[PDB]
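Heads up, the chain below is alone and in the form deposited in one PDB entry; it's given as structure tokens.
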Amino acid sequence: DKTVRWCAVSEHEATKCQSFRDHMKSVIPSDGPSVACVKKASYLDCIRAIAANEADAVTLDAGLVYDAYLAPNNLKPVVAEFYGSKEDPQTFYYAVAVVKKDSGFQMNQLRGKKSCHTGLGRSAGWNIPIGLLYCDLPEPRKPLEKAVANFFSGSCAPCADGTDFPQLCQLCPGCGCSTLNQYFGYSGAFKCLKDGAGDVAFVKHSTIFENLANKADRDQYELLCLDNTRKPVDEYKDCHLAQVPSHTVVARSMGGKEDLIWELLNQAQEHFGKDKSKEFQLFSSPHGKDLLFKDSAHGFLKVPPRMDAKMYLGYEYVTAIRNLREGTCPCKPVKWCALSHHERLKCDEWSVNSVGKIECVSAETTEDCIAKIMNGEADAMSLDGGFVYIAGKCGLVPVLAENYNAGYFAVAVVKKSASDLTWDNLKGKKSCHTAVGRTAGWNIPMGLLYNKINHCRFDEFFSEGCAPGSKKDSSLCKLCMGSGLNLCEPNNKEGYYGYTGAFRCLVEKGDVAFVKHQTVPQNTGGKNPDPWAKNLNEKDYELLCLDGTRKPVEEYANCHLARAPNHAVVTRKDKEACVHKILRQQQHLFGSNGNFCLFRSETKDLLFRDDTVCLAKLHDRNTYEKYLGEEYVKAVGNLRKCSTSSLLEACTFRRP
């Protein structure tokens, strides 16, 4: 059967669900999803029923989304409620810490300040801020109210026990738990700040815009960022305490039925959603308010399938709720993320030589390791500039850059015998790329090509080619040499993948290869002993300049497509300082100094490139926008209209 068993937590919800089930069977045909309704006593009972394969779906708050993720439940977000409008769908809200401009303190200086909270037990006003500040609170940290009462000098914490902790009600005596208290709720907490009662108000990002119409008044307020800096109130997406999803449908991570749940809800909103004017309304009911879904909801959005709960909730939110539930308080070792057996063996050797300073975790793909750095399972890894873009769009920052001597040169190599090829038109020619999304093989060459054809459908511009990472049926996979599953894969099991692989593709099948300036010299003249490269002479290959002219391989300095940003190490902002220090201390111990160490591989370019001489600092360029540059980001923004990165789709869902 294609039945979705929806879980209700009340008798009113079960009645609406039964009405939901009956009306669906009128609009959905024979081969479509049907609804069944399981009634449980609580949200947690619904979570257990779904984990026990007794139900399939339920819509939860963010805190319960975290509960549904923990073992042995292992549920994941599948469908999202959005609000506001269908043209500007609102799925998340941001918990922010608002202060007055020029008040002179940062997030790590809140001790002794006066605080304004929407109310004890609320998300943006209490659970999230106190969660992030948990180990800053004095010991003993339980009961939590007493620890907060000895952190802030005075507060307005509505509904707190002012009898035992009167400091929590200094700004609103009695801590009135109703709108009779002027500083209660979403608006009252900000009024507590606006009226000068407190120094910081923990509210939602939208609270400031609902209480201050003129931007001139909003310019008198700032937000506290977790990096201990301040930003204007309209930059909350780059300066919040946590990004929080409002209402989320969850399901089993394995066993589904995700596709069925979305097909059901998508057809449900098409027939009974907002402004559908039927007898049955998906987002209201005569039996009660907010049954199954919020009455204020406007519809549903499908959660990208790469998304898990920790990625959906976000690193900041998970940190805050973990502290509140576990109560665990300790520069710590840096956890490197390896992508292969030989990369893991190298890191494992690096870790013991570190005597603890470095540790290793492994993942199967580059995107998987990036996700581990995002949620905290891993700490750092080095990436091509194309992945720095993805890592940046997902919230990570670069901390150090690989230096080989301004970065390396992206070149277009062609066979010199074919003296007809020029950069001014390679249409209908066979191309070989390192991989889709990489700097030298894709972002730089195809970025310029986009400016002349105005579309990212490069498989109908070139006749065929090998671009690892393309859809298996693409014409840009026809030239690749991988066998079976490995064909066109962006990894080692595809022989045409990478700098060297793309040059081999040119030598054997292609017409033009997009690689870096040293690729041809180090793979010709016997330097590469493999049969495909052993007898190659580098004077038999040329580069395509932007002029439309061609020059020898060694003349790349005056015949390159563009300068490429160096490979860089990425990490979370909360570990930027510790990674910057430990790595620069380890390269002084194992850098350019069996014979070598860190910058040498048993195979080829493990963890770092082998031509790396140092790990250089970045100064202000600690941001993917400022590291890659405006032109690089603009080009990738043009190319993403044909992107197939599931990790980038998940992060773009949280921050378009």
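Take the two forms, superpose them, and find the largest set of C-alpha atoms that agree within 1.5 Å; that set is the rigid core. Numbering starts at 1 and runs along the sequence shown.
Heads up, the form deposited in another entry isn't pictured, but that's what we're talking about next.
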Core-superposed between this form and the one not shown, the one of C394, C159, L291, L260 with a C-alpha shift of 2 Å or more is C159
Kindly check if the Cα atom of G188 is displaced 2 angstroms or more between this form and the one not shown relative to the superposed rigid core. yes
Does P77 show a Cα shift reaching 2 Å between this form and the one not shown after rigid-core superposition? no
Core-aligned, does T366 move its Cα 2 Å or more between this form and the one not shown? no
Sense of CA distance change between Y627 and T229 in the other entry, threshold 3 Å: farther
Shorter or longer C-alpha distance for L487 and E343 in the other entry, given it differs from this form by 3 Å or more? closer
